[PDB]
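Chemist: This one's experimental. Sequence and coordinates below.
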Amino acid sequence: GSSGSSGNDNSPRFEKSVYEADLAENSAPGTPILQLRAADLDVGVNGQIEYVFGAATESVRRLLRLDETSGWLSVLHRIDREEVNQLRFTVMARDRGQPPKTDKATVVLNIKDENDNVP
């Protein structure tokens, strides 16, 4: 046929397939959203797992910032629920291989509102 991998692989895998979190539209250009874990089930690896942008837009890469050295996802520029009611992108995680086994993980962010907080 075409392919049929079978065996064992220490490829990078995120805890949650689709990271769902609520982001307050009134989130500063440097507000922490969430963190992308890469559990390797090795009780601690040699730190060979980074976090980069997989399938995102040009307005998402400039509106949000993600650290590859730590893997922490936060805001980069002001967010206006008006311009966006709900963002949706994907993050990749390289480990080993050329190209390295990159794992994709959907990240749903619900643009909430702080001003619309019930009294």
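Modeler: That came through, no problem. Numbers count the residues shown, from 1 in each chain.

Chemist: so which helix or strand takes in the most centrally placed residue in the chain?
Modeler: Central residue of the chain (CA atoms, centre = their mean): residue 91, 4.5 Å from the mean position. Element membership for residue 91 (DSSP states H and E) is strand 86-93.

Chemist: Find out how far the lengthiest strand in the chain is from the centre of the chain, if you would.
Modeler: In the chain, assigned by DSSP state E, the strand with the most residues is strand 103-112. Mean-position distance between strand 103-112 and its chain equals 7 Å (CA atoms, centre = their mean, to the nearest Å).

Chemist: just so I have it, where are all the strands in the protein?
Modeler: For the chain, the strands defined by DSSP E occupy 18-24, 32-35, 52-53, 64-66, 72-75, 86-93, 103-112.

Chemist: Residue 42: which of these is closest?
Modeler: Across the strands of the chain, residue 42 has its closest neighbour in strand 86-93 (14.5 Å, CB to CB). Placement of C-beta: from N, CA and C, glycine included.
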